[PDB]
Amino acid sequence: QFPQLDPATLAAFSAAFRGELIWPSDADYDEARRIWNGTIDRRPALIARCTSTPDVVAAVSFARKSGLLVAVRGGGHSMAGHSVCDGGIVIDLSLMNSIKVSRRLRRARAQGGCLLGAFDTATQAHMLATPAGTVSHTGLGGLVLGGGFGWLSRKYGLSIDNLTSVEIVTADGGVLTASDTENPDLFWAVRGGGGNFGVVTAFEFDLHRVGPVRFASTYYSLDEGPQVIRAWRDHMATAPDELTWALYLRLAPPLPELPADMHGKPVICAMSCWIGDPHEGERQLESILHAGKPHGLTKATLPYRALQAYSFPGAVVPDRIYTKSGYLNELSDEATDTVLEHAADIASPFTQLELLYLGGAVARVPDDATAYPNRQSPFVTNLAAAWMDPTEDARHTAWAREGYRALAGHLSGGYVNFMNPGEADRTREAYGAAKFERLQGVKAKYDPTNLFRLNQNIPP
C-alpha cells in the first residue's frame, strides 16, 4: 500500500485530474475502501474518486504507467470483492452519477457510476424505465456489464438488451464509442463480458413506458414447500411475459403482517408483479397466490420506481455475505426437495435461498448476440448467505457451499455477477467455449496487458 511512485508520473496525473484522491493516511480512507461485501478487507495504495471521463482517462493512464493493480468501482456490490484491491488503485466512479433522459426519444444516458435508484428516479419522472436489478443501491455499471436482470426483464430483456452504445476508456487511455455501428466487436464484449475491456463512463439506453405495477408479496409455511415450488415451476414455463414471480426462502421477518408464530422460522417469501394493466394483474396475481396458504399477504399498486425500491424491507444492513449461484434448464422434483432441505437449515435472518425465473424476452435474443451466456436456462438458484458476526463466517459459508454442492448436478451454468471471491476458476465454464474464445480475441485487441483483471477475468 506504499509503493514508490515516480513524482513525474504522479504530478502529471494530478495536473490532469479534477477529482479527489484518497491516500492511506487520510481519515476517510478506511470508509472509502469498504465495499458491500464486508468480508473483503483490502488496502489500496490510492483511491481516485473520478468526476468525469477525463478524470477516468487520467487515472487509467496513471495506473498503466505506474504499473498499479487496477480496481474499478461502480456501486461496490461485487460479491467477489473486485472493486477494491491490495496495493493498487481504486478507480472509483461513484461520484459519476449524472443521467440525461429524453422523454420524446425514450432514451437515457447514464454515467458509469450511477446507482440503480438514481437511474430509476430520473427515468420514472417521465413514466419510463429500462430493466435493472431489484436493489436500488446496486451499481448500474457492474450490473449492466454482466447482463443485468430484474422485474422488467421477462418483458423487456436484460439491461444489455436495452443498451445502444457506451463511452468506454480502454487500457491505453483512449476514449471510444461502442455501438452496433461503431467498434461493434467491443460492443458485443461489454454486453456481458464485465469490466474486462475498459471503464465505461457512460451507458445509453432505450426506454419503455411503465405505468403502475400491481404487486404482491406473501409468505408460505415450508410445510407446503413442495406444492408451492412445484406450482411455481409449472406455471412459469407457460406464463406470459407480463407476469414475474419469484421465491425467496428465508427466515420469516418479525413483521406485523406475519403471525408471531412464524417469526424467525424458514418460510417461502413469494413476490410477484404484473408489468401491464393493473386490473389484469390483479386477476393474474390472484391466480398464482394460493398455490399454498398465504400469510402476511400484502398487495399494492406501485409506481415502477416504488417496486424497484421495495426489495427488501430488512431491519439491519448485513455486513458479511457469501454467494453461490447457478442456472437450471429444469427444476425437477428432486432438486425441489434438496432446495427445501437446505432452506430449512437457514440460520441467519439475512440469508435467502433465491429461486428466480427469467425466460420471456431474455430467452428470445439469439445466444451469440451478446456475451451473456445461459439465455436458454430459465431458472436461477442463488444461495445468498448474509450475516453480521465475523466470528460466524464458517457457519454461513458452509451453508451456501453444501447447498450448492447438493444442487451441483442440476446446475447448468453461472451468472458472472454472482461469482464469489473463490470462483475465478469458473470463468470459462460460465461463458462457454465459443463465447470465451471470442472474448479473448476482443481482450487481445483492447486490453492485451490485462490491465483490467479485477473482474470475472478473461485473459487475452
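One-based numbering along the sequence shown.
Checked against the record, the higher mean CA B factor of 282-290 and 265-273 lies with 282-290. Stretches 77-85 and 228-236 differ in mean CA B factor, with 228-236 having the higher one. Out of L69, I47, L411, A59, the entry records its largest CA B-factor for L411. Per the PDB entry, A252 shows the highest C-alpha temperature factor of the residues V175, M127, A252, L116. Among all modelled residues in this chain, the alpha-carbon of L358 has a temperature factor (C-alpha) in the middle third.
Per-chain ranking of the deposited C-alpha B factor places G112 in the lowest third. Remark: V213 belongs to the middle third of its chain, ranked by C-alpha B-factor as recorded. Annotation for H342: CA B-factor lies in the highest third of the chain's modelled residues. Residue-level temperature factors show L331 in the highest third of its chain, judged at the C-alpha atom.
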